[PDB]
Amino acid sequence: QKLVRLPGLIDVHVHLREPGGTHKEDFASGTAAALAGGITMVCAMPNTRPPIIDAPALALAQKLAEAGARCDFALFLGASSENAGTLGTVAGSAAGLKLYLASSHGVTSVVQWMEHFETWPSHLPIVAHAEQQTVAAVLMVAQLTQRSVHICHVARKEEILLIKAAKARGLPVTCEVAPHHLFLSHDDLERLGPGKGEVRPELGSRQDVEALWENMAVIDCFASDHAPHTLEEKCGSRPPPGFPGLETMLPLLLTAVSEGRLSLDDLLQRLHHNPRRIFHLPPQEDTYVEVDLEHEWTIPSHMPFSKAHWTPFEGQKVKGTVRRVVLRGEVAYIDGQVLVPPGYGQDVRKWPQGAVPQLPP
């Protein structure tokens, strides 16, 4: 068929596990998974080992990413029980601040949330892992401190309808939804098993999944929440939560597009334009993705690149394939082969156009 050209897509929620969890994934394998999924820019979460909750850990993570990343990236800082008010000099160099309100870096009191909202620079992003009533609680803190907040992986009818009500009142809140909460449900827990199927937020009911689709207008971004764990860990005694998702996100969503569940533009708003404008991420010159919307295939037991080496979407039929990715003028991916080496990717916050504009302080 004739290929469809897309801009370089952005995933604002990936866990690349480097430093400290490199058997699950590292920058080189995670960004290869990204490129294979049509993603040319990722925002990596801070719950690594050591966690990115201070300047030295950020300095280390930056060098590991610059040395191992194959696509471009930005790095989140994590809010901790100790670092409120201490991140002012490095905050602008990060993708944003992740507030983990379920990895929590010791944050346990709403008063600590307030301190972070008061001290983190007001022009820079804050994203929150907040489930069920926690969405309401963190929105309240955002209002008290009169600033915006971005809600990670919305998974429930309860949560999306709450955000819907907040937007109707004109509040500055945006949100993202991950593909497993659009394409998997309780109906899949029998096949997956209790170990494999462990994820946070957990899989929703059919009614939850139906509510997210019905309220697509409320969803600002799609993001994978790529959370790689080995099969041994997912099936073991204390299964960690999370799915790998970089290599399956776009095929799943392209399938929905070909079925008329959302438009191609609807998809590009949520994987390109809205991530750009929420996180102030720069364009990528000479960067685009070529996909084939006619190719039907079945998702295998594991995708080629993620070290997780498993996938909960196994056996699902998809229509849509990433055929070629060009990143800043170089062929990065073609028909299953990655052609840019570790270290090709760059930190977008170091580009002149990647700094977040602010009033002169």
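For every residue, the number given is its place in the sequence shown, counted from 1.
According to the record, 4 to 9 deposited residues between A102 and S103 are left without atomic coordinates. Once the C-alpha B-factors are averaged per stretch, 320-328 and 47-55 rank with 47-55 first. As listed in the deposited structure, the average C-alpha B-factor of 145-153 and of 185-193 is greater for 185-193.
Annotation for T248, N215, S109, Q269: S109 ranks highest, by Cα B-factor. In the deposited coordinates, the residue among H273, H116, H129, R200 with the greatest CA B-factor is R200.
When all modelled residues of the chain are sorted by CA temperature factor, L231 is found within the highest third.
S81 sits in the highest third of its chain by CA B factor, as recorded in the PDB entry.
Per the PDB record, residue ranking by Cα B-factor puts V340 in the middle third of the chain. The deposited CA B-factor of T40 belongs to the lowest third of values across its chain. Remark: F27 belongs to the lowest third of its chain, ranked by C-alpha B-factor as recorded.
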